[PDB]
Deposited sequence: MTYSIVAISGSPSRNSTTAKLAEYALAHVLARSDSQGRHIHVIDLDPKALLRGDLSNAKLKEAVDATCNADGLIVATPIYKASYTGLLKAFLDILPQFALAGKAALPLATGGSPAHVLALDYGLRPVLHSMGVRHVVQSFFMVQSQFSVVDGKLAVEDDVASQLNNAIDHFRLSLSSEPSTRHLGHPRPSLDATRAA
């Protein structure tokens, strides 16, 4: 059974990005032998988050869940042409090679189609600094296009990305350290 974890990073209440991540998580769980959880970074204790204080139980639990996942859905609104500081603050407290062995799906929403590349030029390299095994294609949605609630063209692309993410998940322990530059030195 796979463990899928979504991480969504809008600091805004009523996040469209969170709804997109939730849609993706449900889509995957409906089609694979998986359980999941959704870490809303806004709901973590701000002081403990920024300080990396793992004596805070809920923060520690989020970090552990991320490290134990087979696949991560990583979702952010575009802020200042990149991922949010809130999301990055969470990523910052994971272990150096936290994503070894894991598949990943980058998702974003933005106000303008002009910032589609923020995922591939911005978030993708950060995931790769963490030894990630397989990051599939990024999907970006313009705020308006949202409202299974979007134009058919956009919906196909989204569903295809989530399909690929699900297909990329690994059920073999032989893959658990892949992506790490020195697998024997753990993951």
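Visitor: Can you list the gaps, in order, where the deposited sequence has no modelled residues?
Guide: Gaps in the modelled chain, taken against the deposited sequence, lie at 1, 149 to 153, 194 to 197.
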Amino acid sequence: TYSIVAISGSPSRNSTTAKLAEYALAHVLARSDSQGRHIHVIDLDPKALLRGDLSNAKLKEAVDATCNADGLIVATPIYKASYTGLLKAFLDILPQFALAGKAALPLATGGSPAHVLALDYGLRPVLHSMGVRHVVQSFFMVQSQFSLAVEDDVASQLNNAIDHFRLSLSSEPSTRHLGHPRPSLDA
From here on, numbers count along this sequence of modelled residues.
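Visitor: If you average the CA temperature factors over each stretch, which comes out higher, 86 to 94 or 109 to 117?
Guide: If you average the C-alpha B-factors of 86 to 94 and of 109 to 117, the larger mean comes out for 109 to 117.
Visitor: Check the entry's C-alpha temperature factors for 151 to 159 and 49 to 57, then say which stretch has the higher mean.
Guide: Looking at the recorded C-alpha B-factors, 151 to 159 comes out higher on average.
Visitor: Hey, out of 123, 142, 135, 65, whose CA B-factor is highest in the deposited coordinates?
Guide: If I rank 123, 142, 135, 65 by C-alpha B-factor, first place goes to 142.
Visitor: Pull the Cα B-factor of residue 9 out of the PDB entry and bin it into the chain's lowest, middle or highest third.
Guide: Ranked within chain, residue 9 CA B lands in the lowest tercile.
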